[PDB]
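Presented as structure tokens, the chain that follows is alone, the form deposited in one PDB entry.
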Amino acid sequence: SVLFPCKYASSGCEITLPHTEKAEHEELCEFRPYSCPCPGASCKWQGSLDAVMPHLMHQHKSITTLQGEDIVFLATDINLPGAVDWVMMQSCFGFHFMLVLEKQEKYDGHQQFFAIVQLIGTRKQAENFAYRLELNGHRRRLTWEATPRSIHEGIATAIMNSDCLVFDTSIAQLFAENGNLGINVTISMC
């Protein structure tokens, strides 16, 4: 009956729990310092939820932004050497959703593409939405529907487990035109 751990009370975590449920509570605690949602270990920034957007606008380059729950993101030069990440912020339902398209080079001889959507918010908040990604081509269509992850959790684990849209260089050429790739992104509430 002794409540004591939780290393986040300082950040406003007015909660006290037993030592048996410490390790688990912390990983998914609400008051755990959010990391920079941008792909890449380049930005070491850390801070609170409400500090995220400001961090992205002021201390990061100009990211493309689109209004609406149904839009089309154009990832240009998907073949360009050096290209590895495409980021776009989607504003709808009073929230901001980050779309990330990552191109990873694999040792076994191929280049994979990972597209996923992250909500600039909490896990319980993310659970209320659903996103759909579409690659539309001539008489062809590749679609991925799933629940957006919260930036708290990150995109890394999901990408590691292929829990997102996964395609590759060859699939990307099938849908691309003039070296550019259009990705339909649709977000909806449950």
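Residue positions are given as counts along the sequence shown, with the first one as 1. In this text, the rigid core denotes the largest set of C-alpha atoms whose superposition between the two forms falls within 1.5 Å.
Peer 1: Mean CA temperature factor from the deposited coordinates, higher in 28-36 or in 158-166?
Peer 2: Here the higher of the two C-alpha B-factor means belongs to 28-36.
Peer 1: Look over 43-51 and 65-73 in the entry and identify the one with the greater average Cα temperature factor.
Peer 2: 43-51 has the higher mean C-alpha B-factor.
Peer 1: Quick check on the deposited entry: does the C-alpha B-factor of residue 179 sit in the lowest, middle or highest third of its chain?
Peer 2: Within its chain, residue 179 is a middle-third residue by C-alpha B-factor, going by the deposited values.
Peer 1: Where does the C-alpha B-factor of residue 100 rank in its chain, lowest, middle or highest third?
Peer 2: Residue 100: CA B-factor falls in the lowest third of its chain.
Peer 1: Sorting the chain's CA B-factors, does residue 153 end up in the lowest, middle or highest third?
Peer 2: Highest third of the chain for residue 153's C-alpha B-factor.
Peer 1: Could you place residue 126 in the lowest, middle or highest third of its chain by Cα temperature factor, using the values in the record?
Peer 2: Within its chain, residue 126 is a middle-third residue by C-alpha B-factor, going by the deposited values.
Peer 1: Comparing residue 186 with the other modelled residues of its chain, is its CA B-factor in the lowest, middle or highest third?
Peer 2: Lowest third.
Here the subject shifts to the form deposited with a partner chain bound, a form of this protein not shown in this document.
Peer 1: Identify, from the list 29, 49, 66, 43, the residue with a heavy atom within 4.5 Å of its partner chain in the entry with it bound.
Peer 2: In short, 66.
Peer 1: Residue-level contact is defined here as any heavy atom of the residue lying within 4.5 Å of its partner chain in the entry with it bound; does residue 73 satisfy this criterion?
Peer 2: Yes.
Peer 1: Would residue 115 count as touching its partner chain in the entry with it bound under a 4.5 Å heavy atom rule?
Peer 2: No, residue 115 sits far enough from its partner chain in the entry with it bound that none of its heavy atoms falls within 4.5 Å.
Peer 1: Considering only heavy atoms, tell me if residue 97 and its partner chain come within 4.5 Å of each other in the entry with it bound.
Peer 2: Contact with its partner chain, no.
Peer 1: Could you confirm whether residue 120 comes within 4.5 Å of its partner chain in the entry with it bound, counting heavy atoms only?
Peer 2: No - in the entry with it bound, heavy atoms of residue 120 and its partner chain never come within 4.5 Å of each other.
Peer 1: Core superposed first: is there a CA shift of 2 Å or greater at residue 170 between the shown form and the other one?
Peer 2: Superposed on the core, residue 170 moves its C-alpha less than 2 Å between the shown form and the other one.
Peer 1: Could you check whether the CA atom of residue 179 moves 2 Å or more between the shown form and the other one, using the rigid core for the fit?
Peer 2: Shift of 2 Å or more: no.
Peer 1: For residue 83, state whether the C-alpha moves by 2 Å or more between the shown form and the other one after rigid core superposition.
Peer 2: Residue 83 C-alpha, core-superposed: shift of 2 Å or more.
Peer 1: Taking the shown form as reference, are the C-alpha positions of residue 94 and residue 12 brought closer or pushed farther apart in the entry with it bound, with a change of 3 Å or more?
Peer 2: Farther apart in the entry with it bound, by 3 Å or more.
Peer 1: Quick one: with a 3 Å or larger change, is the residue 125 to residue 23 CA distance smaller or larger in the entry with it bound? Answer closer or farther.
Peer 2: It is closer: in the entry with it bound, the C-alpha atoms of residue 125 and residue 23 lie at least 3 Å nearer than they do here.
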